[PDB]
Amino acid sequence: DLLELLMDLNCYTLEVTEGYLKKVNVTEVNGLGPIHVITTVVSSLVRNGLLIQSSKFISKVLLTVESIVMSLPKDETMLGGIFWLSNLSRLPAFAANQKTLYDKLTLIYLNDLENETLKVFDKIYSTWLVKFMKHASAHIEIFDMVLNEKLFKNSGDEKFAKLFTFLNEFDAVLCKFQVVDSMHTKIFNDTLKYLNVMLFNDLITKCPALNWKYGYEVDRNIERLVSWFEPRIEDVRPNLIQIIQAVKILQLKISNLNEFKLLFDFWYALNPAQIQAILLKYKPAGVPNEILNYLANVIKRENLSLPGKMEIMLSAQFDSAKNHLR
């Protein structure tokens, strides 16, 4: 009755996708379920050579997990995002391990399953992380903690304590829901890549006047923020390269276009409009016109040569989980 069960493509994928997953209310303990159910069905189907059925079943299941995740409510986003992503994150290595036991069309199917499952993972992961980090940055008040010069006179201490608790709690859930080590560290790098974007964009849009002192104080707040990550991941600062360079620029004492050219010609961490944006905001407690002028020309030169907009704002972008799913 097995193959006849497996041919009812519709019966059982309806079971998993409406009966089991759309209704997997997390807030509940162990004994990795969805990856077990998904993976049992896929491996039965592959063994019995139903390769097309597997593809369809896996498609519906991914589309389903995707909308579950995308539909999660503001207070469920952390737990839910992590539970689902931790489960999906195992599909690529499952495909790689399936193939270790295999004819040649099956090997090709599984090869494809591995790349395609990885691509869907990368899609859901990125959109979840930005949505997750939008909410967490408001709640933890990253702006007022780091960039708000009005609150430099404050210890900062309560807010920092709240950031450290949040990250300890982010870190527990990651361990709770069993995310693999190499993805745990990636999540923390991307978390910082996200705060690079938000912090740099807010430095430009939200911070009225800037000077060397301002720059020095943000630098310290950043080093405070980064102190949590440090016993945890490889090297956290490259993730925060734009916002770190912007506030370092603010502390340079540059007095001729000749020093400036030495510092920024053929230096691409920030573009010319980003660097100009930062220096037009400079107010003592200023920039030589000669420097303001050369930037203008540089910008104009680049408008004339290339077809694409030279964006001042950043967007969050993360690497593929390709090498991080061990």
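Numbers follow the displayed sequence, beginning with 1.
**Request:** Using the PDB record, quantify the missing residues of the deposited sequence between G31 and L32 as none, 1 to 3, 4 to 9, or 10 or more.
**Result:** 1 to 3 residues are missing.
task = Report the stretch with the higher mean CA temperature factor, choosing between 69-77 and 251-259 on the basis of the entry.
result = The stretch with the larger mean CA B-factor is 69-77.
> Would 261-269 or 274-282 have the larger average of its C-alpha temperature factors, as given in the entry?
Replying inline: Averaged over C-alpha atoms, the B-factors run higher in 261-269.
Largest Cα B-factor, entry values, listed residues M310, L21, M313, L304 | Comparing C-alpha B-factors across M310, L21, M313, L304, the top value belongs to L21.
(Q) Checking the record values for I291, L63, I35, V298, which has the greatest CA B factor? (A) Comparing C-alpha B-factors across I291, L63, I35, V298, the top value belongs to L63.
| said: Quick check for you: using the entry's CA B-factors within this chain, is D112 in the lowest, middle or highest third? | reply: According to the entry, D112 has a C-alpha B-factor in the chain's middle third.
Practice problem: Place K213 in the lowest, middle or highest third of its chain's C-alpha B-factors, as listed in the PDB entry. | Solution: It falls in the bottom third of the chain.
Sort the modelled residues of this chain by their C-alpha B factor and say whether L151 lands in the lowest, middle or highest third.
It falls in the top third of the chain.
Chain thirds of CA B-factor: placement of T106: For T106, whose C-alpha B-factor we compare with every modelled residue in the chain, the answer is the highest third.
Original post:
Is the Cα B-factor recorded for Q178 in the lowest, middle or highest third of its chain?
Top reply: Middle third.
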